[PDB]
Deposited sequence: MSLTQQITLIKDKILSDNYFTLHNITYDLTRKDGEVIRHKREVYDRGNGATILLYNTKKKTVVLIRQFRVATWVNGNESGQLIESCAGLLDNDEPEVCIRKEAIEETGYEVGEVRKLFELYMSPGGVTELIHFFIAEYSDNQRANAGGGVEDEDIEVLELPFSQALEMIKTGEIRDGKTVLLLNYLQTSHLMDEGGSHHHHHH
């Protein structure tokens, strides 16, 4: 009872849900004041980085993202790590369909790194992170990119790769030395 839900108002329920939540929370002091916060909920998702130890490469994808297009990304094209919304599936089950559907690779074993909130300010979104190696034996609107891991790290510096989850995954592979 340290935090109390006063009312969850639905501002929009088109496809995803935008809420206006009113709540009361205590303090280290002893008072209980209420706030009102707009909260957008598009469900949780999963993303995975595909890497190859043989040729020191990674598989990423490129696609048009309107949300970046109307906010600084001229062509709208964004290079990201394969990902998708859970849509009622378990994280791993979902990430396997996504890998197959977006990259064409039917991956084998995968490792779960963590689950992080990507924009806890006004978005509920929690993403499940995975990594997994791929092989050429596992192989329209989405362009599949295969490139050496070192070029992808540099692309973070040049700004060619400017997607949060993707940078997270890449810098993670870097400090794992699985490519070294």
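Asks: Would you list the gaps, meaning deposited-sequence stretches without C-alpha coordinates, in the order they occur?
Replies: Several regions go unmodelled: 1 to 4, 144 to 152, 194 to 203.
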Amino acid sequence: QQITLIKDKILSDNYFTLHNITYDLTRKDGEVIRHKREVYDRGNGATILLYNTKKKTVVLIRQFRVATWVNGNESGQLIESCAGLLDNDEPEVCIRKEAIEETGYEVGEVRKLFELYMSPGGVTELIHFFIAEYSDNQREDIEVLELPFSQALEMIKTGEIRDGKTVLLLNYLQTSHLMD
From here on, numbers count along this sequence of modelled residues.
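Asks: Could you check the entry and say whether 37 to 45 or 51 to 59 has the higher mean CA B-factor?
Replies: If you average the C-alpha B-factors of 37 to 45 and of 51 to 59, the larger mean comes out for 51 to 59.
Asks: In the PDB record, does 85 to 93 or 70 to 78 carry the higher mean Cα temperature factor?
Replies: The stretch with the larger average C-alpha B-factor is 85 to 93.
Asks: In the PDB entry, which of 115, 143, 154, 136 has its C-alpha at the highest B-factor?
Replies: Most elevated C-alpha B-factor of the set, per the entry: 136.
Asks: Going by the recorded CA B-factors, say which third of the chain residue 131 sits in, lowest, middle or highest.
Replies: It falls in the middle third of the chain.
Asks: Could you look up the Cα B-factor of residue 13 in the entry and say which third of the chain it sits in: lowest, middle or highest?
Replies: Residue 13: CA B-factor falls in the middle third of its chain.
Asks: Looking at the temperature factor on the CA atom of residue 122, which third of the chain's modelled residues does it land in?
Replies: Middle third - that is where residue 122 ends up once the chain's C-alpha B-factors are sorted.
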